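First up is the structure itself, then whatever we jot down about it.
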Amino acid sequence: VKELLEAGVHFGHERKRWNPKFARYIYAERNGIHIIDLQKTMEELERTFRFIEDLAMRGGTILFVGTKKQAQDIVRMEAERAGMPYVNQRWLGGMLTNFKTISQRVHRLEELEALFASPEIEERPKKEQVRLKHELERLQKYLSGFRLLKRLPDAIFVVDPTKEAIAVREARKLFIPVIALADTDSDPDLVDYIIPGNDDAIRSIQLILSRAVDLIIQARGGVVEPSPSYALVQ
Amino acid sequence: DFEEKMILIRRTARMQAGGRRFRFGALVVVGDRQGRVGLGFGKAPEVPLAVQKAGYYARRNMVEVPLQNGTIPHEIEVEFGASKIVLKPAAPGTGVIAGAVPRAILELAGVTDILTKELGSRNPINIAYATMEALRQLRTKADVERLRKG
Amino acid sequence: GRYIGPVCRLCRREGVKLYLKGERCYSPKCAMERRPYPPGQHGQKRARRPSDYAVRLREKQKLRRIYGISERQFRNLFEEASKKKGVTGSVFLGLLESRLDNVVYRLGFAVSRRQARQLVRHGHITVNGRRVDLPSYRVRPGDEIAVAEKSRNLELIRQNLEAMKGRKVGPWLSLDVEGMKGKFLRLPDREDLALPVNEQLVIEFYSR
Amino acid sequence: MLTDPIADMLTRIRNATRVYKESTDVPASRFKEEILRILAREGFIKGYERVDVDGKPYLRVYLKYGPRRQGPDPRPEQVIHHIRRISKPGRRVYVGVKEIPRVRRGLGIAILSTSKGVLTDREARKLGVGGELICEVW
RNA sequence: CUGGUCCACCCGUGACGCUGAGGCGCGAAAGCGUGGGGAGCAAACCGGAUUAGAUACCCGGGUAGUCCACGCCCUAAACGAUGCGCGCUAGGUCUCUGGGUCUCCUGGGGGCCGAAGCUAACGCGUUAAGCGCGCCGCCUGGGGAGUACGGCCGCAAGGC
RNA sequence: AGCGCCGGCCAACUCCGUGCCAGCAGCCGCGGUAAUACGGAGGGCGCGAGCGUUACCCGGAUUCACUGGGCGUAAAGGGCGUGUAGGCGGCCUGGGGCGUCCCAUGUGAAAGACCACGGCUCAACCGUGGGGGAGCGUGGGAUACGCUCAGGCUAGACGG
Ligand SMILES: [K+]
Ligand SMILES: [K+]
Ligand SMILES: [K+]
Ligand SMILES: [K+]
Ligand SMILES: [K+]
Ligand SMILES: [K+]
Ligand SMILES: [K+]
Ligand SMILES: [K+]
Ligand SMILES: [Mg+2]
Ligand SMILES: [Mg+2]
Ligand SMILES: [Mg+2]
Ligand SMILES: [Mg+2]
Ligand SMILES: [Mg+2]
Ligand SMILES: [Mg+2]
Ligand SMILES: [Mg+2]
Ligand SMILES: [Mg+2]
Ligand SMILES: [Mg+2]
Ligand SMILES: [Mg+2]
Ligand SMILES: [Mg+2]
Ligand SMILES: [Mg+2]
Ligand SMILES: [Mg+2]
Ligand SMILES: [Mg+2]
Ligand SMILES: [Mg+2]
Ligand SMILES: [Mg+2]
Ligand SMILES: [Mg+2]
Ligand SMILES: [Mg+2]
Ligand SMILES: [Mg+2]
Ligand SMILES: [Mg+2]
Ligand SMILES: [Mg+2]
Ligand SMILES: [Mg+2]
Ligand SMILES: [Mg+2]
Ligand SMILES: [Mg+2]
Ligand SMILES: [Mg+2]
Ligand SMILES: [Mg+2]
Ligand SMILES: [Mg+2]
Ligand SMILES: [Mg+2]
Ligand SMILES: [Mg+2]
Ligand SMILES: [Mg+2]
Ligand SMILES: [Mg+2]
Ligand SMILES: [Mg+2]
Ligand SMILES: [Mg+2]
Ligand SMILES: [Mg+2]
Ligand SMILES: [Mg+2]
Ligand SMILES: [Mg+2]
Ligand SMILES: [Mg+2]
Ligand SMILES: [Mg+2]
Ligand SMILES: [Mg+2]
Ligand SMILES: [Mg+2]
Ligand SMILES: [Mg+2]
Ligand SMILES: [Mg+2]
Ligand SMILES: [Mg+2]
Ligand SMILES: [Mg+2]
Ligand SMILES: [Mg+2]
Ligand SMILES: [Mg+2]
Ligand SMILES: [Mg+2]
Ligand SMILES: [Mg+2]
Ligand SMILES: [Mg+2]
Ligand SMILES: [Mg+2]
Ligand SMILES: [Mg+2]
Ligand SMILES: [Mg+2]
Ligand SMILES: [Mg+2]
Ligand SMILES: [Mg+2]
Ligand SMILES: [Mg+2]
Ligand SMILES: [Mg+2]
Ligand SMILES: [Mg+2]
Ligand SMILES: [Mg+2]
Ligand SMILES: [Mg+2]
Ligand SMILES: [Mg+2]
Ligand SMILES: [Mg+2]
Ligand SMILES: [Mg+2]
Ligand SMILES: [Mg+2]
Ligand SMILES: [Mg+2]
Ligand SMILES: [Mg+2]
Ligand SMILES: [Zn+2]
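Laid out in structure tokens, this is it:
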């Protein structure tokens, strides 16, 4: 787990509309874009990953949040590659904040998987074999990665704070630590363990999330090979 | 463990064809009389449910009041909206000199001697909230010390 | 004239048994014993959550009624209490406990306070020898409260002073059941007394 | 034109702190400098230093705050919660040693200007002197 | 013929500054006085319709006036309904006008959206309603009443 | 042994009688056949040789805000400018010491008030003793800030 010359991808992103609060993490403007200072990208990674090993080799349940379609897959990949849950489609308001309720959907999903593999699949008209067929299907477009959580995450790994602002707002609210790869357009002060980098561009997100998931197993001791998502980077 | 003092209950009204449609609001204070208090404002179709809802909300939203022999570490004034609250420390024997709203929050916080004054709008709801903030803002010498060191 | 009228009814309005009769209030009959609800036609009906005020009023009315003192006198003592140094609450109690009529009762010379009062008005009481018929007379520390020589043979005196044999008495007081003498050792501590009264509310009642 | 340079400084400080600046300059004056000494020693500001800006004498005031916080709004607590000007031009305010105020049961201070120099309410009380009650800070 | 003002140079004076009771001047429209001038428009007014009536709205006419010169009048939702000056506290975006090494920096204006913050909300937010200091003006429940009386001003109407 | 209360504020509730009547009412409001609000009764609360009413003062009232308020839309920015008095005034040094601050000292009647003991059996009432200083005069002292006089400075203002 490590890397320096990473200008191979991240560094510098977003045009000029920024957020001054993210100026410490900025090196200079070029062609109208802000070029993130990787030196600090490093500093934070260290401090951040250090937080990862910490919760990792300890039983720490991390929740991954990435809705930005520019990284929807890169999320579930590196997420499933760990007992770590994730939200891929759309972050439902109250998942963390109203967890006990948003949970009954998970308690309903699993149960609607029973009927569809029992002596009751063919019972009652299609008036249900359709209503329940869709219910179960939607309950899965969303709760595939959220399915795992038994209790609030020990931390939150967000891809774009500004986009996933609603999740972050809930983390903070619940004193749940907030980890996130944040871009030039976000507010750092809201992220507890920041990874100042290019929050857009699959090649970037994959590199960070990947190494971060490496470190996660390589922290809980499981010796695993490279990432299976380096392909979805095409 | 935790005491429950109901500051006030009200029956607001909304409008639909046909007529009025009542709802109830409840302000409930919760405290251990030993430095811990919480405020709760819950609204619901029936009073009972409202109160409970309030109590429940009161338990989240707690404040750690730094009592010093029944009194506050120092005087403070806080404005919540148009309501202002003045809290002044006092020696023993003084008692809790305050309006019903403040005292209820003060006694359950385990305050036994204090000088109080309600200024501006005396809207109970806001006067109560001004109070919580006041307490929440209280600082201890150790605290000030911690801050001033560095 | 300090009240004077149906007394085991005040016990009922305060929902607590007050000893305004001494005995009778010990034998199943202070009324509080099976009939603890307020006096009047509505006594048994369910009560409504009293106003912070009501609560404070009844508390003062309790403490005040215990010593059968007037509002006029009760207030004057409390104002005196405020002014004095030290916790008003206790100090107040200390003063109420220093009334000769009360002390007579404390020493057992009488069964109740209303009796103790009359014993004073009629000269059956002595402070350091000299007669004193002022029930509000304030007994100071070191004073010797006895029975008038001429009254030591009274029927009622013997009865009460007899029942006082073996009986213990206030840690701030001392009774020499022999010559029927007693000594006010010191002002009682709040800890010394145990009245069913939260003096804190009383102070609040007057703070309004 | 500045009608009250001290009030100006006090605010510059109040303003900078509310947005968490590092330092913040204020046109220099011995008297302002004097107050900064107190402010520093008392531990409200990390410290201050003379500095020339555009050729003109200023005073970088390095502010200090508390630690990052939990939940929503992690913004640190202020070390200087309150800093208000008392005596002002056209309404000057003086006090005898016997009238020096006790700012927040001592958890705070009051900077007075006495003929024995600028002192905290405690310092003044000690040397037994009073003067112009400049401001209060806590 | 003449006022204000912005920018660049950093050249001259050396705190000569800010505000400002009273004073003085300016002050939309209507209105007044004297003399002009009147195309169009149009209070009053003369008629035609409408209407239950229609001292209105719609239609045909039409005088003062609207325009000019001199004096007067001194009011307004005279409004940003936000007194003036200075210092301080993210940014984005559009625009007018200077200078620059003319990606875009800089200065002075005009708009919009917004950090912090403020506000009863609505909203305000470097063009503050933010954080501050200075000075002026003004408020203190509604009606009676901007009335009465008095004073001052005005030809009057009326104004303060 | 009385007097006033028992709709909310505000401690205390039932029956009957009266019906928008007769009446109550500090404020909000009660009474047009089931009135805890009128009148009576029973009951209850409060106080007690007194209890209520009226009037008047301070309080609550930061409701004129010194402590301690406001003026965009709630009452409130003068229609605008010019400018008199006045209020307010950047950076450095020096003299003075008026403001301001410190020390002594005089004055500050007695009574009253406060604390402590006492005298009338208590108390009210009274006596003795004890601190308590603000204000002003005098005499010393300090000089940071304000003031004033001198001399400097360019970052305000003005000029080229
Ligand atoms: K506030
Ligand atoms: K708001
Ligand atoms: K007139
Ligand atoms: K009837
Ligand atoms: K009745
Ligand atoms: K009054
Ligand atoms: K106006
Ligand atoms: K000098
Ligand atoms: Mg959704
Ligand atoms: Mg982005
Ligand atoms: Mg409500
Ligand atoms: Mg604390
Ligand atoms: Mg406070
Ligand atoms: Mg306010
Ligand atoms: Mg008010
Ligand atoms: Mg006392
Ligand atoms: Mg200031
Ligand atoms: Mg401040
Ligand atoms: Mg002041
Ligand atoms: Mg003051
Ligand atoms: Mg020109
Ligand atoms: Mg020059
Ligand atoms: Mg020169
Ligand atoms: Mg001017
Ligand atoms: Mg001038
Ligand atoms: Mg005009
Ligand atoms: Mg005209
Ligand atoms: Mg004309
Ligand atoms: Mg003409
Ligand atoms: Mg025409
Ligand atoms: Mg008609
Ligand atoms: Mg007609
Ligand atoms: Mg016409
Ligand atoms: Mg306008
Ligand atoms: Mg702009
Ligand atoms: Mg501009
Ligand atoms: Mg511009
Ligand atoms: Mg905001
Ligand atoms: Mg509102
Ligand atoms: Mg709203
Ligand atoms: Mg805006
Ligand atoms: Mg400003
Ligand atoms: Mg405003
Ligand atoms: Mg003005
Ligand atoms: Mg006026
Ligand atoms: Mg009036
Ligand atoms: Mg009027
Ligand atoms: Mg008029
Ligand atoms: Mg005239
Ligand atoms: Mg005339
Ligand atoms: Mg007129
Ligand atoms: Mg009641
Ligand atoms: Mg009836
Ligand atoms: Mg009544
Ligand atoms: Mg009497
Ligand atoms: Mg009072
Ligand atoms: Mg007042
Ligand atoms: Mg008034
Ligand atoms: Mg004021
Ligand atoms: Mg007001
Ligand atoms: Mg209006
Ligand atoms: Mg208005
Ligand atoms: Mg204006
Ligand atoms: Mg000066
Ligand atoms: Mg001057
Ligand atoms: Mg000098
Ligand atoms: Mg002097
Ligand atoms: Mg003297
Ligand atoms: Mg005297
Ligand atoms: Mg005596
Ligand atoms: Mg004396
Ligand atoms: Mg000198
Ligand atoms: Mg001064
Ligand atoms: Zn009894």
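Protein chains in written order, with PDB author numbering: chain B, 1 to 234; chain E, 1 to 150; chain D, 1 to 208; chain H, 1 to 138.
Backbone N, C-alpha and C define an ideal beta-carbon position, used for all residues, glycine too.
With DSSP as the reference, label residue i as helix, strand or coil.
i	result
residue 11(D)	helix
residue 140(B)	helix
residue 127(E)	helix
residue 178(B)	strand
residue 149(E)	coil
residue 11(B)	coil
residue 32(B)	coil
residue 73(D)	helix
residue 2(E)	coil
residue 57(E)	helix
residue 11(H)	helix
residue 63(H)	strand
residue 49(E)	helix
residue 26(E)	strand
Judging by CA-CA distance, which residue of the options is the nearest neighbour of residue i?
i	options	result
residue 146(E)	34(H), 135(H), 110(H) and 80(H)	80(H)
residue 83(B)	222(B), 231(B), 23(B) and 206(B)	222(B)
residue 138(E)	74(E), 79(E) and 111(E)	74(E)
residue 145(B)	73(B), 178(B), 53(B) and 28(B)	73(B)
residue 115(E)	130(E), 85(E), 121(E) and 132(E)	85(E)
residue 113(D)	190(D), 135(D) and 94(D)	135(D)
residue 26(B)	192(B), 183(B) and 200(B)	183(B)
residue 200(B)	64(B), 162(B) and 153(B)	162(B)
residue 35(B)	15(B), 173(B) and 90(B)	15(B)
residue 128(H)	56(H), 119(H), 27(H) and 90(H)	119(H)
residue 179(D)	94(D), 126(D), 49(D) and 122(D)	126(D)
Is there at least one non-hydrogen atom of ligand 17 closer than 6 Å to the beta-carbon of residue i?
i	result
residue 10(H)	yes
residue 16(H)	no
Using a threshold of 6 Å, is the CB atom of residue i nearer than that to any non-hydrogen atom of ligand 12?
i	result
residue 133(E)	no
How would you list, in chain order, the residues of chain D whose beta-carbon sits under 7 Å from the beta-carbon of residue i?
i	result
residue 92(E)	87
Which residues in chain D have a C-beta closer than 8 Å to the C-beta of residue i? List them in chain order.
i	result
residue 128(E)	Those do not exist, as residue 128(E) stays about 15 Å from chain D at its closest Cβ, beyond 8 Å.
So with CB distances below 9 Å, who are the chain E contacts of residue i?
i	result
residue 52(D)	100, 103 and 104
residue 104(H)	73, 74, 75, 76, 139 and 144
residue 200(D)	95, 96 and 112
Since residue i meets chain H, which of its residues come closer than 9 Å, beta carbon to beta carbon?
i	result
residue 173(B)	71 and 72
residue 187(B)	Neighbours of residue 187(B) on chain H: none; closest Cβ ~11 Å, over 9 Å.
Mind checking whether the beta-carbon of residue i lies closer than 6 Å to any heavy atom of ligand 10?
i	result
residue 199(B)	yes
Ligand 73 and residue i: does the residue's C-beta get closer than 6 Å to at least one heavy atom of that ligand?
i	result
residue 132(H)	yes
So with CB distances below 7 Å, who are the chain E contacts of residue i?
i	result
residue 204(D)	95
Show which residues of chain E have a CB atom less than 8 Å away from the CB atom of residue i.
i	result
residue 207(D)	95 and 97
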